[PDB]
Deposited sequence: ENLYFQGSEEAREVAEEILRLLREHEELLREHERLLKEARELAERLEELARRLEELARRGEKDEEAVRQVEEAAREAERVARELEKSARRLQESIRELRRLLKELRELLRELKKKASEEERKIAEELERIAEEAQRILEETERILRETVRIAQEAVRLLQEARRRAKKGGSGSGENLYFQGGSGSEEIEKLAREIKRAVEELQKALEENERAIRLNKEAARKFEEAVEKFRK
């Protein structure tokens, strides 16, 4: 039964992986769209109903992408709970017992720490996505002086930088989850 429990956990990790890959895509597009709006805002400060219109349309679409980023990270968080619920059922099954079971408890205990670190990454990604939504909503209200448009453009560019740091940490958490799953395959073989 322990062998069948790992295989179900591996299937869940696979669905975890493709949802986390979708999270990277949404966050990569948001950062690109936020950098573009920042440049459009700095042009609006120096300059036009088209310049106001393109700021409104660039922010409105960047807000839709930030919502998808938030929805994807929320979906990943409710699935780490599934992984850990499957993990506790495995913890008791392997402790029913053999040296193979002793190896499975070191890689399962490590997988616990990775999932905890992974959800801490996702919670920070939700925060940056929520900060992006508020800044985008502020960009559309102000576009309806130059000094205030410049500061908002600078604040958006700082959100880009922490979004890029969240990209690195999410890509790192994917590797650690992939490597933890590879150990489950070889140890159960």
Deposited positions lacking CA coordinates:
1-12, 60-62, 113-120, 168-183, 229-232
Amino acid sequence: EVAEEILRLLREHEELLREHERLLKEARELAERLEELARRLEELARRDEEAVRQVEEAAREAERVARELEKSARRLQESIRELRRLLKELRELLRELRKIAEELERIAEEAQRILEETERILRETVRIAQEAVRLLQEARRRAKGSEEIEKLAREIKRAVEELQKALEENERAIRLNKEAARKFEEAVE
From here on, numbers count along this sequence of modelled residues.
Once average C-alpha B-factors are taken from the entry for 37-45 and 124-132, the winner is 37-45
Mind pulling up the entry and telling me whether 21-29 or 170-178 has the higher mean Cα temperature factor?
170-178
According to the deposited entry, which of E150, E50, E70, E162 has the largest Cα B-factor?
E50
Going by what the PDB entry lists, where does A108 fall on CA B-factor within its chain: lowest, middle or highest third?
highest
Give the position of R64 by CA B-factor within its chain, expressed as the lowest, middle or highest third.
lowest
Against its chain's modelled residues, does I114's Cα B factor rank lowest, middle or highest third?
middle
Chain-relative CA temperature factor third for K144
highest
CA B-factor ranking of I80, expressed as a third of its chain:
middle
